[PDB]
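Quick notes on the structure that follows.
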Amino acid sequence: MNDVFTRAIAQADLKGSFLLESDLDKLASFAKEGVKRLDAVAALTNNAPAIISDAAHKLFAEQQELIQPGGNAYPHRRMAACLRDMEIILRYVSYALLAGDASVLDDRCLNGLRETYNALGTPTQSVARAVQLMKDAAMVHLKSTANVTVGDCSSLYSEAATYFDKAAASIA
Amino acid sequence: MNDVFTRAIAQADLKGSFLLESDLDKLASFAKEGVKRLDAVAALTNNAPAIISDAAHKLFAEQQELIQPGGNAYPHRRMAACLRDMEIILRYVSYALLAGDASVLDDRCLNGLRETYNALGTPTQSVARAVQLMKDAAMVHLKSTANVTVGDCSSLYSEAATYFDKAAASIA
Amino acid sequence: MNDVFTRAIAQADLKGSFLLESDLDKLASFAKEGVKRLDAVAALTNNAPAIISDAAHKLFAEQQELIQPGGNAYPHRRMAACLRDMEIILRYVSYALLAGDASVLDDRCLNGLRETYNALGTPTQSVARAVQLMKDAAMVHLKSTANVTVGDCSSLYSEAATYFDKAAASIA
Amino acid sequence: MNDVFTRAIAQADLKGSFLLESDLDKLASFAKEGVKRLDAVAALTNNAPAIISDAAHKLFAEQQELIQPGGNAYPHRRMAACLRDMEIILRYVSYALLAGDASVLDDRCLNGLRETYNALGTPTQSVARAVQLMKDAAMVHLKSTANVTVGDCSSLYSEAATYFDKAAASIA
Amino acid sequence: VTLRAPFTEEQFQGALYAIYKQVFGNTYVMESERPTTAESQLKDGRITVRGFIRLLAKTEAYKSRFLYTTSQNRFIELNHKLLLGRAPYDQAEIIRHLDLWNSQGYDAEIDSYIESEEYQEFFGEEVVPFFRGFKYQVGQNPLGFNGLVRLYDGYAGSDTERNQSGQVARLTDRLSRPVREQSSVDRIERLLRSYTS
Amino acid sequence: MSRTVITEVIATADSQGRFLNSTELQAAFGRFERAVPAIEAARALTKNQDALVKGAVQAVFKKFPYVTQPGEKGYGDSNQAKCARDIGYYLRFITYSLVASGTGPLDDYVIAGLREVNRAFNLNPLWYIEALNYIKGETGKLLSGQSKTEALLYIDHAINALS
Amino acid sequence: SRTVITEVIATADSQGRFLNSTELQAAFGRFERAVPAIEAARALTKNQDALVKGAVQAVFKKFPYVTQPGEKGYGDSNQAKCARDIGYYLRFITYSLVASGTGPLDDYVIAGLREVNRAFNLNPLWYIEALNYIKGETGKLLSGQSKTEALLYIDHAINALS
Amino acid sequence: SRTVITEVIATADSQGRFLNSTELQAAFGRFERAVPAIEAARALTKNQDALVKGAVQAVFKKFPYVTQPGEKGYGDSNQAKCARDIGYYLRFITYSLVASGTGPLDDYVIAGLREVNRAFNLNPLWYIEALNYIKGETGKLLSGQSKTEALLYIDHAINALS
Amino acid sequence: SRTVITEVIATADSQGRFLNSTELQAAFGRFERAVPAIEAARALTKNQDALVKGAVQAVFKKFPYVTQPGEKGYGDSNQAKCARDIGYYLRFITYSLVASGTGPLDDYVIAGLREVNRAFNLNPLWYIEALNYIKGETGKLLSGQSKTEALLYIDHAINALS
Ligand SMILES: CCC1=C(C)/C(=C/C2=NC(=C\c3[nH]c(/C=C4\NC(=O)[C@H](C)[C@H]4CC)c(C)c3CCC(=O)O)/C(CCC(=O)O)=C2C)NC1=O
Ligand SMILES: CCC1=C(C)/C(=C/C2=NC(=C\c3[nH]c(/C=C4\NC(=O)[C@H](C)[C@H]4CC)c(C)c3CCC(=O)O)/C(CCC(=O)O)=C2C)NC1=O
Ligand SMILES: CCC1=C(C)/C(=C/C2=NC(=C\c3[nH]c(/C=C4\NC(=O)[C@H](C)[C@H]4CC)c(C)c3CCC(=O)O)/C(CCC(=O)O)=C2C)NC1=O
Ligand SMILES: CCC1=C(C)/C(=C/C2=NC(=C\c3[nH]c(/C=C4\NC(=O)[C@H](C)[C@H]4CC)c(C)c3CCC(=O)O)/C(CCC(=O)O)=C2C)NC1=O
Ligand SMILES: CCC1=C(C)/C(=C/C2=NC(=C\c3[nH]c(/C=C4\NC(=O)[C@H](C)[C@H]4CC)c(C)c3CCC(=O)O)/C(CCC(=O)O)=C2C)NC1=O
Ligand SMILES: CCC1=C(C)/C(=C/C2=NC(=C\c3[nH]c(/C=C4\NC(=O)[C@H](C)[C@H]4CC)c(C)c3CCC(=O)O)/C(CCC(=O)O)=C2C)NC1=O
Ligand SMILES: CCC1=C(C)/C(=C/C2=NC(=C\c3[nH]c(/C=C4\NC(=O)[C@H](C)[C@H]4CC)c(C)c3CCC(=O)O)/C(CCC(=O)O)=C2C)NC1=O
Ligand SMILES: CCC1=C(C)/C(=C/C2=NC(=C\c3[nH]c(/C=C4\NC(=O)[C@H](C)[C@H]4CC)c(C)c3CCC(=O)O)/C(CCC(=O)O)=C2C)NC1=O
Ligand SMILES: CCC1=C(C)/C(=C/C2=NC(=C\c3[nH]c(/C=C4\NC(=O)[C@H](C)[C@H]4CC)c(C)c3CCC(=O)O)/C(CCC(=O)O)=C2C)NC1=O
Ligand SMILES: CCC1=C(C)/C(=C/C2=NC(=C\c3[nH]c(/C=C4\NC(=O)[C@H](C)[C@H]4CC)c(C)c3CCC(=O)O)/C(CCC(=O)O)=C2C)NC1=O
Ligand SMILES: CCC1=C(C)/C(=C/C2=NC(=C\c3[nH]c(/C=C4\NC(=O)[C@H](C)[C@H]4CC)c(C)c3CCC(=O)O)/C(CCC(=O)O)=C2C)NC1=O
């Protein structure tokens, strides 16, 4: 897939020129912040089952019309599918965070899922609140400096925010 | 109990440094456009009875079981508790709006209100929907351009929306 | 608290109904045997020191362990506590007798008692046995036929036995 | 809250017995050594400000991180709280030294101390370190031969040391 | 800790220490916060210990420690525990005090404690409040004693605003259920019909 | 926590930590012997669901005709339907207060927080006062003796609270 | 803390009501005076070092007995610590200017000032001297509204120390 | 009564300390707001005769059934009381305006108003809509800051009646 | 869905023949056992509510420690949910009886139970003793081949939960 460095090289080929010094400047900034990036992604991985669990809690408390019969989560196989869906979407957005480039999100996650859910009868709006509850749960763990040196990751925090904003506007 | 200025001073003391020039610039911008915010807060203050009445009307329209016998707002005492609770939530929404900070809301009001409503068997979804109806009525009353000079307030609209969303999310 | 009239009103209201004719029949019955209930309550009120002292004598007869040095009721400051606990439980039993429901007994007396005694280190089986001995020593004063009209009252003795049993089972 | 006399009395009353002549001899020896005990208590009391200031200086020399931003003892309020805590601890060790028994410590000084510190986030090892510095500073003043007659008080020095160790162990 | 009006200079500081330890909890109160005019007025008896405690309740330090950082539930519990010595017994007290505050201000909310008959009887004009729920006080629930045990976690401990708990409510969960769960048995099947629908 | 004579006497004896002495037995016995007319009036009203609710809503419309016309509260079929529901509530709580022989149910179920709920939906108290005056009129003829006295006493208490 | 906005919110919260006209007018006056205050904050931010040192030598000059060995002034760490303290007061005065309320001072320095001063045998007079130097220096550094706005917090701190 | 100056002196007196920055500068803000409020008071003073009749006629037309015989609005003495009472409100509006605070208005109308209206069976909606008419009329009499300050005071009054 | 008729029809379709003795013989067996199983399910419906509520009480009598305030089992809506879930378990058991195939359990609850329990920390053993309670009652409430097959289906339900 096309990471942020891959995107820089691809645009360089598109203009057919060498890297500017400013290009290497942003790329060095990304490399130096990669440590904070790794701390963030570890925060994602450690709490991921917990995060998906309580996010599902807020979702189903927020929306009771689905677990009850006649809902596309009722027959409890759809439990498995739904939980796997949150798991995999958080996994891909973690991939996007680690890479720092939302391209892999676009390709492996959200190329064509809209038609998928509509042809499956799933109301994507529910999925949109699902992913925003996902960010609501995750940002707490991201701010958690437990066993890690404290520091500013407002850049990373906003980056993850826009990541889930992409996910929301996408699936919506 | 903090406003944005006291938050900035808190981060400055955490670092132990003077307030940096970017912080001072954004705080000066906050103060400059604060006359937007004062007028929006005044609109909320002088319209609040209307928002409360409208939230009650639509809320009990969507869920009439709350006024059915044994419904958890049936007697006049629980109706008074419902109206008083929505009024209080709106009060701290306006306090957060003026302060530009969601610290007063979350600390003073939203710290245990979920457990308060759980301990009394109150359906927190009804309270959350009441908060959402209040935000809708508040936006309707914030578009009011009478007796005032016309301008842009999309920052204030986003602030009010995110404060009401903070309330309706912390409740449940 | 809830006596039998307010209790019946509660079950009538929570189901959104008036009081059915049968309900009025039972409760008017309760009213007419009210004078017998008053006699029983007066018997419990006037013979209170006798019931308490008889239960105390018996209780410290089987378990001398309490009144030995190192026993709970030893230091002569805990004996007054024992006697005052007996007075309180007898008083609440007579309250539940006059009212007609264990609402008084289960609200103002029993909800937080077993763990209170666990906190103090007091044995709760001994308190349960004290209440059982009080039930014994109180039926005989309750069945006394002197200076009062004569009639069948087995309902009141059954009911008072139930209240003493409920207090003992709560504490035990 | 028990001195040594009341402690012997209590463990006598557990046996339901009179105080043995051995315990009488022990408490008579304690009462005879009470002059040494009083002089040690006075030496601690008079030199309370010197000991607290000296311990504070050594603590903030060997440990600086408290007083830079983000540290526990930064503002004037937290420095005042630190000095107040150390003064209270020294006061309670003087109390225990007079009583001859550590009852006052566990009853009042350390009753909810460690929980308080783990709540407020105070580094408990730092508090133990401050208590150790007070130990070191206080033995110097206790051993002050000036103005008092000469006699072996090594038992009292050991007892005060054990009191300081007990406070340190409870806090940590 | 009483204050006989002809009292002398010493133990006025003792009464002050007792008051600032009771009203504010074991939280430290820097003499940048002591209302000196109130203490001077109390010195000659222009106000009693009850009026002085009324003032300390209505200072900005008491509010800062207890009102601003906490919900109203924790505020009611703390008012009871500090200006009365006992945990609240039932939700009726909490509802009454919350509505009274909401409708009439912090001033009237505190006056409901200070000039109540319980304060007149147990302490009166000239006795510093103390924790009394540990003994059986006439006409209590067994929840009053349990609540005072729950709020009072230790002699060293205190009810401090500056804490990572955020000074959350210790007792409203404890106090809540008994009055308002007798209707649980029916709300059960109402929720069942809501769910199975 | 409804408040009826037994409940206040148990509460006042519990507050003082004493057994029930002679005075509250006085109250209890008088109240028990008074129960019979109360229950008679309560069941009499209970039979009379429809006559009283319908007469009250018609008398409200008669006394406040301007409410009936569109652009006001009274307009809308379901509106007057649940106005009849409100009148049924009031009648039900009058019967409850008769049965309990105390204002406990009336207070705790209507009168507590009544002004706020009236103002915040903008309900005119005189509406319900006129309805209760009609109920005065109906219980003037339906009942008799002590039962009439109790029923009117409770209804005037409700009016006093509303009016 | 306790700003103008924060004090208005506290008053309208404890009293359990909304914000009326007068509280909004107080907020409006605060918003008006914010810009001179932010200008003064910028000015004192830029000249932090000069003010800190000038105050340090001013204090050592007013009480020359402090410097020589055997007392507080002697010791390189001690003078560096003097500089740290004077910078602390300067930073908190800038903070009060930014917030347009005496909040940060009362929170960070005044609350606990006397007890820490007496515990370490520090002297207020040293800090009144340094604050007087900062007063004089900002007298020429600033002009107009921001002048008196900064002077007001300077002599508030001086009153607190005195 | 209550002004901004009153809360200044009180919240400086309850704490038992001299006047610090915040309350003096809030008084300053009141001082800017003072004189334009005084010209607004002039404007509402010149038009009292028109406004009393406008308010009473507003009461008459918006509520027809009050005007019919046997009701609160019918009666020459009743209407004279209406005019006198609305004049009383408007004079208190002028008092509060010149005071820069609702103080005189508060302690002459608001504090415990509702039981007074309830005793004589006097509805508050009458006065709510009459003050709404006065809002509309002062909206055209004044513009800008004076209109805002008059509108806020009438809004505070109607909130009291509400 | 899944049931003996449907496995037969699929393994004759995807295999591409016409049916012979074995499968139609199985169909004979199913169509004959229908009456026992169907009346058994009828009885289960006839006694369901006692089953569910006593199952809740049975869980608590075996798991009282899960019920106290402060842990998962505490909660009113929690309780309603408990009864709800065990209701579906009984319900799908009835469907299994009706279908005379383990299908409905497989399709709905046996499909993906393990991971949703791991997501929500739901101990299956709970549901296991609830079903043990259920079988204890159905031993008496049902007889003969009907109790046999019902026990078989609920046993396989446990084996899934196991
Ligand atoms: C296995 C891959 C890997 C990880 C996970 C990793 C974490 C990591 N983060 C570090 C520093 C750090 N880590 C963080 C990030 C954290 N602090 C912020 O407050 C956030 C809450 C949070 C990020 C979301 C920061 C800010 C630093 C300080 C380094 C700097 O000055 O930029 C360090 C150096 C010091 C230490 O041992 O802690 C490590 C090893 N290093 C690795 O090789
Ligand atoms: C348990 C005791 C109790 C009572 C009695 C009670 C009455 C009550 N009055 C209400 C408002 C109302 N009440 C009325 C009744 C009026 N309509 C006119 O025709 C009549 C003159 C008059 C009645 C005879 C109306 C129309 C509303 C709706 C007002 C609104 O929604 O804006 C509502 C809100 C219901 C809804 O919005 O649909 C209730 C429940 N509430 C309680 O808790
Ligand atoms: C001062 C800050 C603050 C507030 C205002 C607060 C709200 C609050 N609401 C409560 C009860 C209540 N809350 C409500 C309102 C909800 N119930 C229904 O579902 C409505 C639809 C819904 C309204 C949106 C009701 C009806 C009660 C009464 C329950 C009862 O009496 O048992 C209680 C417990 C006792 C009482 O006050 O009645 C609190 C403390 N908590 C706080 O810390
Ligand atoms: C006494 C209490 C008080 C009030 C009542 C108040 C309203 C108020 N808003 C103002 C500015 C303003 N206020 C608004 C906002 C309004 N226009 C938009 O359409 C919004 C829908 C709407 C409210 C959100 C705008 C656009 C301005 C002028 C632009 C600016 O100030 O930069 C002004 C000054 C007018 C000027 O700068 O010439 C006042 C007095 N301010 C106060 O301190
Ligand atoms: C209103 C309802 C209510 C009840 C019933 C109640 C019981 C109660 N009994 C207590 C003490 C006590 N109670 C006892 C009695 C037990 N010891 C022996 O085993 C006896 C067999 C047995 C008596 C039946 C003793 C010995 C104490 C003293 C415990 C101590 O001081 O260490 C205490 C602790 C307060 C005190 O020291 O007086 C309570 C709260 N409290 C209430 O609020
Ligand atoms: C001030 C409080 C008060 C009391 C105490 C009271 C007692 C009382 N008991 C009565 C009858 C009675 N009293 C009793 C009670 C006794 N008979 C049973 O054998 C038991 C020995 C015992 C009850 C367990 C009974 C059974 C009646 C007959 C009532 C009936 O026919 O239903 C009567 C009616 C005729 C009379 O004797 O004057 C009164 C007034 N009345 C009061 O106002
Ligand atoms: C029974 C007598 C008693 C004790 C023992 C006691 C300890 C105590 N210390 C406290 C605060 C404190 N105590 C310290 C002391 C620490 N600072 C450094 O770390 C040092 C190593 C260490 C001192 C040895 C600090 C920094 C605080 C304030 C922490 C905060 O509020 O965040 C508090 C919280 C009260 C408040 O809100 O101010 C208590 C209860 N209090 C009492 O009434
Ligand atoms: C104002 C209240 C007061 C106090 C507190 C007091 C203490 C006191 N110290 C005394 C002498 C003494 N003081 C000490 C203690 C010292 N020995 C050294 O090693 C240590 C530095 C130090 C103790 C750590 C000793 C050992 C004696 C001799 C008395 C004896 O041996 O019993 C004596 C007896 C006089 C004598 O025998 O010379 C008393 C009563 N007297 C008072 O009037
Ligand atoms: C709000 C921020 C804050 C302040 C303001 C503060 C005051 C403060 N100043 C200190 C040291 C000191 N500061 C001075 C200053 C003097 N030196 C010369 O004599 C001059 C005349 C004069 C400088 C104007 C000195 C001598 C000490 C050493 C005190 C000692 O160790 O005995 C200390 C003890 C150790 C330390 O914290 O560094 C405190 C607590 N503490 C804080 O956390
Ligand atoms: C100092 C300030 C002051 C105020 C605010 C005030 C209002 C006021 N109006 C009153 C009577 C009255 N007020 C009115 C006017 C109302 N009824 C209808 O006619 C109209 C719809 C409506 C006018 C908008 C009427 C008719 C009365 C006579 C009592 C009655 O008819 O019930 C009364 C009772 C005593 C009296 O004045 O005679 C007061 C206090 N009076 C004052 O002295
Ligand atoms: C038809 C197939 C089906 C299955 C398999 C199913 C499992 C299931 N269990 C749930 C909740 C739950 N179910 C349980 C387990 C029960 N409660 C515990 O107290 C008892 C030990 C136990 C009953 C004996 C628990 C603990 C939760 C979590 C409740 C929550 O946290 O919200 C939820 C929804 C989350 C919620 O809104 O709470 C599902 C979907 N639901 C189904 O419709």
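For neighbour counting, all protein chains shown are included, and Cβ atoms are generated from backbone atoms with ideal geometry for every residue, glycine included. Nothing in this text is a laboratory measurement; each read-out follows from the coordinates by a stated rule.
In table form, for the structure just shown:
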read-out: Order of A:134, B:134 - criterion: other Cβ atoms within 10 Å of each residue's Cβ, fewest first; value: A:134, B:134
read-out: For E:69-81, mean number of other protein chain Cβ atoms within 10 Å; value: 3
read-out: 10 °C / 1.306 mPa s Stokes-Einstein diffusion coefficient of segment B:105-172, Kirkwood radius on C-alpha pairs, µm²/s; value: 119 µm²/s
read-out: Cα gyration tensor of segment I:30-146 - equivalent ellipsoid semi-axes, whole Å, descending; value: 28, 17, 10
read-out: Highest-fluctuation residue, E:177, E:86, E:50 considered, GNM on chain E with Cα pairs under 10 Å; value: E:177
read-out: Folded to 0 to 90 degrees: helix G:145-161 orientation relative to chain G principal axis, Cα; value: 60 degrees
read-out: Computed helical MRE - 222 nm, the protein assembly as shown, DSSP H runs ≥ 4 contributing -39500 (n - 2.57), nearest 500; value: -23000 deg cm²/dmol
read-out: Innermost chain D residue relative to the axis carrying D onto C, by Cβ distance in angstrom; value: D:115, 12
read-out: Mean separation of Cα contacts under 8 Å, 6 or more apart, over the residue count of segment B:33-172: relative contact order %; value: 36 percent
read-out: Relative contact order (%) - criterion: Cα under 8 Å, at least six apart; region: chain E; value: 28 percent
read-out: Shortest-first nm distances, residue B:20 label point to equivalent points in other copies (7 Å, Cα→Cβ); value: 2.3, 7.3, 7.5
read-out: Across I:46/I:81; B:32/G:53; F:63/F:136; C:26/F:47; A:143/A:166, pairs whose alpha-carbon gap is larger than 26 Å; value: B:32/G:53
read-out: Distance cut-off 11 Å, percentage of C-alpha pairs in segment C:1-40 lying past it; value: 65 percent
read-out: Inter-copy spacing of residue A:88 label points, which lie 7 Å from Cα along Cα→Cβ, given in nm from shortest upward; value: 4.6, 5.8, 6.2
read-out: Cβ-Cβ FRET estimate between residue A:64 and residue E:100, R0 fixed at 41 Å, reported to 0.05; value: 0.70
read-out: Most to least packed among C:14-20, F:114-120 [average Cβ atoms within 10 Å]; value: F:114-120, C:14-20
read-out: Segment A:65-139 versus segment G:29-92: alpha-carbon centroid distance in Å; value: 57 Å
read-out: Histogram of C-alpha separations across segment D:1-116, 5 Å bin width, %; value: 2, 10, 14, 16, 16, 13, 9, 7, 5, 4, 3, 1, 0
read-out: Ranked F:77, D:85, criterion: other C-beta atoms within 10 Å, fewest first; value: F:77, D:85
read-out: Gaussian network model of chain D, Cα within-10 Å springs - most flexible of D:53, D:144, D:126; value: D:144
read-out: Ascending list, in nanometres, of distances separating the residue B:115 label from those of the other copies (7 Å, Cα toward Cβ); value: 1.3, 1.5, 5.1
read-out: Nearest-ten-degree value, helix B:154-171 long axis tilted from longest Cα axis of chain B; value: 50 degrees
read-out: Segment E:17-63: C-alpha pair distances exceeding 14 Å, %; value: 46 percent
read-out: Projected area, mean over directions - the protein assembly as shown, Cα convex hull, nm²; value: 76.1 nm²
read-out: Debye equation applied to the C-alpha atoms of segment B:17-78, log10 I(q)/I(0) at 0.12, 0.20, 0.26 Å⁻¹; value: -0.58, -0.83, -1.01
read-out: Segment B:39-172: equivalent-ellipsoid semi-axes (sqrt of 5 x gyration tensor eigenvalues, Cα, Å); value: 27, 17, 11
read-out: Size of electric dipole in the protein assembly as shown: Cβ of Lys, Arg +1 and of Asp, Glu -1, about Cα centre, debye, nearest 20; value: 1460 debye
read-out: With Cα atoms, 0 to 90° folded angle of helix A:4-15 axis to chain A main axis; value: 60 degrees
read-out: FRET efficiency, 1/(1 + (r/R0)^6) with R0 25 Å, evaluated for residue H:114 and residue F:136 via beta carbons; value: 0.40
read-out: Ranked B:101, G:49, B:136, criterion: other C-beta atoms within 10 Å, fewest first; value: G:49, B:136, B:101
